Every structure is written in C-alpha cells, then in structure tokens.
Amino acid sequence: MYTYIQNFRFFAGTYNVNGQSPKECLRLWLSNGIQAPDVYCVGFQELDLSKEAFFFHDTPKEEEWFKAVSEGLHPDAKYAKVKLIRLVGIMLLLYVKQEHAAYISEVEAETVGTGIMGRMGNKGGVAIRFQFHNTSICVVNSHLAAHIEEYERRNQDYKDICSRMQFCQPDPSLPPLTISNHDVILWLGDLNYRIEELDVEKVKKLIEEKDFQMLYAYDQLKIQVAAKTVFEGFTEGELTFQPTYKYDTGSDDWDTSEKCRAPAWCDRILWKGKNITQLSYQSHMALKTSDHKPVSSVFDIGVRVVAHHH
C-alpha cells in the first residue's frame, strides 16, 4: 500500500465549569464563526463538585454537558460521538464528522487520579487515544493542583499522569501504550499554573494595558517548561487573550470575594507531533456560567491516509 498526508481540522476545547450545569448555548465556544471541524476534542474540569461524584458515583452532569456540547457543534456536519471518558469532574469527549467515522480505530480511554492521597479524582487526567486512518493520536485532559505555591505538585501531577496512563493494545507482547507513543498528542486542561512574583494589582494593570507579553514572562507554565520539569517537546501558541480565571460568576469582572484571587492563565492547550499548525488559540468571554472562561484552539493536522488502488 501507499500513504500520503491529508490535512484535517481538529478543534480542542477546555472548560472548567465550577460544578455548574450548562445554562448557555455552547456555540459561542464550539462553533463561533469557524469552519466545521473534522474532529472535536472537548474537555471539562469540575463537572461535578459533589461528595457523591468524588466517591465515583454516576452524575447527571455527564449527560447534561454531553448534550450541550453535541448541540453546540458546528451545524454543517453530522458528528458521530466516538468516545466519552470521565473521572469525577474531568471529562473528555471525542467526536468526528460522520463521513470520517469509518476511519477511526483502536479507541482506548483511561484515567489517572492525582488528587487526595495521590490517587483520588478531584485532580488528575483522562485520555482518549485512537487511530485516524494510519496516524495515532492521543488527547489528554488534566486538572492539576491548585494555588500559586503548588507548582511543584502540578509538575508531579503531570509526571504521574505520564507514567501511570497506560492504554490497551492489540498485541499483548509489546509494552503497553503510553501517552508519549503517539504521532500526535494534544494536551488540554485547567493546568492551574499562575503568575509568579507580581502582586494582584500589577497583574490586573498589565491585563488592562493588554501587555500579555510582559505578564507571560511571569507565567509558571512558561518558566517550568523552560526548566524542562514539564511538557518536554510540547509547544504552546502565543497567549493573545486575557487570563481565563478568576471571574465573578455571571460576569466579566475579576473575583470580588474576600479572597480576591489574582488572575491566571489556568486553562491551556499544548501539542506535540509532526505536521501540526495552530490556526487559532482563544478564550470565549461571552460564556459566564463559570468562574473560568472556556479556551479553544483549532489545528490543521496532517494525517497519513491510504491511497486508493484502481
């Protein structure tokens, strides 16, 4: 046989929904004046903050948010649901255009809890891997540890997801599939990295001034990546939108509670692999259900397709 590169459009989204049910149309996030994606990868954090969900019970929030996402996908294409995976509040959805569904194979989904006692699901990661035509793809959604001072724990959460996440494989003989053994890796989530050094007022001033380049110089994810403690070999696109945390629910105002939290680029998307081009990377201010704003990126990704023989 013979293969060739054919480009497909992948949408990746991440949204921390603060334990809320969906109240708004999600088109403003998932299909806001874009061309129809070929593949949708849609991730949530904090789907359900209840004690019942924490102890691994089913939750109506799973179906509520799945339906909201399905209804918010681009109207020009029929999308097939390929896979849903959830650990407590961390949920990842994979859809493809119906016409591409026949070329999806080897779908596997797994989860890793890195929260209470290092194991519970209040924080951690979920992942879906699959083959699209002849290209292997893994999408990871992680919610890493909270608070500015806990960057070392965020680094450890990342390392633990990478080492513990193992996928099934057709051949029991080879070692299990890990996240890294894929042609294309998309990593999204509330990575929860904050702004070092600067005080809250200075952070807010830089944002008002739209000096995102200066603010980004103090971003913990940037610093840790530069120190090679996390996300080795991954790329992140330039941040041209304002921090996505923390807002008063129902508004675009920064947290006016007593805690008065410093804004942060909590919500991020990164990638690794050949033939990837990021076409956009943005937040969606119009959605106010949560104290975070959703983030999205659209990629053109080259996929190995088998040429038809005649």
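Whichever C-alpha set is largest while still superposing within 1.5 Å between the two forms counts as the rigid core. Residue positions are given as counts along the sequence shown, with the first one as 1.
Across the superposed structures in 4 other deposited structures of this protein, aligned by the core, the stretch whose Cα atoms lie more distant on average is 56-64, chosen from 39-47 and 56-64. Once the structures in 4 other deposited structures of this protein are superposed via the core, the pair 209-217 and 170-178 is resolved in favour of 170-178 as the more displaced stretch (C-alpha RMS). The PDB entry records a higher mean C-alpha B factor for 149-157 than for its counterpart among 123-131 and 149-157. The mean C-alpha temperature factor is higher for 286-294 when 11-19 and 286-294 are set side by side. In this structure the maximum Cα B-factor among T59, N32, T277, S280 is found at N32. For the set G43, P243, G273, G250, the maximum C-alpha B-factor listed in the entry falls on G250. Ranked against the other modelled residues of its chain, the C-alpha B-factor of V96 as given in the entry falls in the lowest third.
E110: CA B factor in the middle third of modelled residues in this chain (values from the PDB entry). Ranked against the other modelled residues of its chain, the C-alpha B-factor of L188 as given in the entry falls in the lowest third. Among all modelled residues in this chain, the alpha-carbon of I85 has a temperature factor (C-alpha) in the lowest third. Placement of the Cα temperature factor of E236 within the chain: lowest third of the modelled residues, per the deposited record.
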